[PDB]
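One protein chain, two forms: both are listed below as structure tokens, the first as structure 1 and the second as structure 2.
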Structure 1
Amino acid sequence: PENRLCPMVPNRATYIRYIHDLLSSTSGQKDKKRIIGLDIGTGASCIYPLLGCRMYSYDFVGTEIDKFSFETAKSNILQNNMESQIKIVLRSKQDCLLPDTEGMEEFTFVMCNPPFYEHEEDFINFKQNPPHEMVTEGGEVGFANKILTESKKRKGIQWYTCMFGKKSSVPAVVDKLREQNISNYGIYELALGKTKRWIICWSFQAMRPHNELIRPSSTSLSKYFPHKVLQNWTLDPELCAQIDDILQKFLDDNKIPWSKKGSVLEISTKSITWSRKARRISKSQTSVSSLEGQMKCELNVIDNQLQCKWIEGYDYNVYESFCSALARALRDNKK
């Protein structure tokens, strides 16, 4: 009402589906536990908790800055019957953006939509069409810097996300992420007519989501992409026959732990045992007996292909080494 007064945007729905895919692609053996969310900037609409409840039955905590917006969020949830699922908090301009858990479990994800102006003169200079809601010191980069700074002290929250409305933002915030050595992040490019958006999610945990969620197809921001998670190959009929035997001999001759999972073949590596360094260190008397770096990935076969999708790890060297070894394994059998 104060700033939105329109339900036409489906970007809220797509942001929530991105949350769902980012969680369901990174859950694993973990049970379907109660999931609680955080909406920094719940606003007088609180669309994010509402559609994260009506769509996947999550729980939510909404942190607001404005008295009117806090009251309106309370009313909205009161006539929505998620009183027992969602909570709302009013905070002053100086409070930390991440509220205390207050005895419950730590949030599974934090998700925001930072304010995106700096001055009222700049408001008018760019677009003050007739309308501290849209004002902050630094913009969507300064707010993201605050969130990044406070995300050192709450690492239990798995998936931190932030939404950016200017392409120039992605360089700065991704540069700060690389300064703080957050390897597991991602950019998701949206599309609404001509408008584009950038969901720069970042986590401090091992689970890596799908490529379609961290690496956008367009190579415009190719310098800012996270590491690769999936490396696909194309097969030919003799390999499309001997694929099972070749994968067996590869994964068994290299001292590589593995086990099958129905229609998907798995792996569980606690040390690189396929690199040349692995066999040299095993064959040379040295104090270290393992090249560190965990990994979980799945090798599946679909229609003359082979996929190596990463599903765990803090280190990209292990994934790249396994991918290259597998590619050579295909090559030394196709011919």
Structure 2
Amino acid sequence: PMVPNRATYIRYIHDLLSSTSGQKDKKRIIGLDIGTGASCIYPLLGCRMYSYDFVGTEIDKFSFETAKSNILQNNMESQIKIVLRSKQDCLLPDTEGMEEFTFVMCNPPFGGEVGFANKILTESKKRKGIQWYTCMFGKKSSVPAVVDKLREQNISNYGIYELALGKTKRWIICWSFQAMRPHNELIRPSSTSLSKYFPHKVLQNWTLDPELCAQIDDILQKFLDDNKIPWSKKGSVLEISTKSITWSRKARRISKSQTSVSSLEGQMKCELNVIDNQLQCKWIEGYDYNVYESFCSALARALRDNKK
């Protein structure tokens, strides 16, 4: 029960949505609480921070009266609603002709919490248009048997954020069915104690000298022009929006051929940034990680092999 821990979780939700917002128009963002508890403080803090629109789920009657009492003494009914769900029906509620849910948050009990995440994984396969799913774990030992289940369904857009507040080490496992990819501070922690269950990398760094710090923009423009990768110059940021891989030997051997194979297919949106002689490659959108691993190792080889 830590107010800075719950606020840090809502701040992870904000950092997860914000780094994965894109260039789209600012719609009203809709959240979905799962098991809001007897306090119901999670959607309250979300609306106090950035004016989200929560339609929370509930399995209790006394806590539903408590949630309505918190609604009555907080008065945000165009933001906060609480809905009693059923036990056999999908706990992820319908759209009902409303505007689509955007992010889903879950405070499971502490079948177990692994089986609860299994039920949410089973129900979440049917919900399209909903972008973000999260689930927070207290025990470290729940990390394997959930992620291994998530290692059964080829879900690559997940992440484990290490909530570190003294003796409180929580692990946020966030998975999504849409291609948006958050930062690397958000999904892969520093401690290697769960290096068996890290998600994939979304950020790569390289360090240079002021010679190559002067030459870094010419190197990046020559790289993104000599490879037919679509790019744009937004300030000092070089943004990249490809819909298939146009940077590998396999891609050339196919391009330099005659068969009717279309392309090696996987969508990527990413950014190149120059911070203090450093080049950062930073992954924004894409279902398949192999596209971004290929691009980051091609960029590493491009920064190395222009030194001679």
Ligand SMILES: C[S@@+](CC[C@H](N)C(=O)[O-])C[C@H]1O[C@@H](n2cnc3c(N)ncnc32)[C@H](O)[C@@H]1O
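Throughout, residue numbering runs from 1 along the sequence of structure 1. Under this definition, the rigid core comprises the largest set of C-alpha atoms superposing within 1.5 Å between the forms.
Between structure 1 and structure 2, which should be identified as the form solved in complex with ligand SAM?
The chain shown first - structure 1 - is the form that fits the description.
After the core is superposed, which of these residues, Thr219, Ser92, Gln79, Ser168, moves its CA 2 Å or more between structures 1 and 2?
The displaced C-alpha is that of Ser92.
After fitting the core, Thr101 CA displacement of 2 Å or more between structures 1 and 2:
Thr101: C-alpha displaced by 2 Å or more between structures 1 and 2.
With the core fitted, just quote the Cα shift at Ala144 between structures 1 and 2, in angstrom to one decimal.
Displacement of the alpha carbon, after core fit: 1.2 Å.
With both forms put on the same core, how far apart in Å are the CA positions of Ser263 between structures 1 and 2?
Spelling it out: core superposed, C-alpha of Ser263 shifted, distance 2.6 Å.
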